[PDB]
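Engineer: structure, please.
(2 chains)
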Amino acid sequence: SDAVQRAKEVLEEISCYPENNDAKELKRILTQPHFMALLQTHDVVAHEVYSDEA
Amino acid sequence: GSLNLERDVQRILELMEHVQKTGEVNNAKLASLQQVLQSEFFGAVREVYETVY
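Structural biologist: Residues are numbered from 1 along each chain as shown, chains lettered A, B, ... in the order given. Pasting the structure now:
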């Protein structure tokens, strides 16, 4: 679920960079119970793809 | 006729590239967001979501 975070992660850096509250909001709004929810529903396997051999 | 979020999913790549015009936003991460935003899995998975819904 870190791969998906990388998406909004960019916003984390934008926290310093004063950008369009709307634009920055686009990346934020991009995280809904539909999309961001799907990412967590797909990242499950994505993360499992490399199941810790441990 | 569909969710705006999906439509904005593409238009977002525009705003991102616009805000990234500040320099102080390593396009590395910004671009990384595009890889996920432009990810095919989004539509592939999104398809199931709609199916289930």
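Engineer: end-to-end on stretch A:22-38?
Structural biologist: 23 Å (CA to CA, to the nearest Å).
Engineer: can you list the buried residues in the helix ranked longest in chain B?
Structural biologist: Secondary structure of chain B per DSSP state H: the longest helix is helix B:4-19. For helix B:4-19, burial by neighbour count (16 or more other CB atoms under 10 Å in any protein chain shown) applies to B:8, B:9, B:12, B:13, B:15, B:16, B:19. C-betas here are computed from N, CA, C, even on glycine.
Engineer: packing partners of it?
Structural biologist: Packing partners of helix B:4-19 (3 or more CB pairs under 8 Å, 6 or more residues apart in numbering or on different chains; DSSP states H and E): helix A:21-29, helix B:27-37.
Engineer: what angle separates the first one from helix B:4-19?
Structural biologist: Direction vectors for helix A:21-29 and helix B:4-19, defined by axes from the mean of the first three to the mean of the last three CA atoms, to 10 degrees, enclose an angle of 130 degrees.
Engineer: helix A:21-29 close to chain B?
Structural biologist: Yes: on the criterion CB under 8 Å from any CB of the partner chain, helix A:21-29 is in touch with chain B at A:22, A:23, A:24, A:26, A:27, A:29.
Engineer: which one of those residues is nearest to chain B?
Structural biologist: Minimum distance to chain B across these is 3.7 Å, recorded for residue A:23 (CB to the nearest CB).
Engineer: doesn't residue B:16 make contact with that closest one?
Structural biologist: Yes: assessed by CB atoms under 8 Å, residue A:23 is found in contact with residue B:16 at 7.0 Å.
Engineer: so which bits of chain A are right by chain B?
Structural biologist: Proximity of chain A to chain B, by CB under 8 Å from any CB, involves residues A:3-4, A:6-10, A:12-14, A:16-20, A:22-24, A:26-27, A:29-30, A:32, A:34-35, A:38-39, A:41-42.
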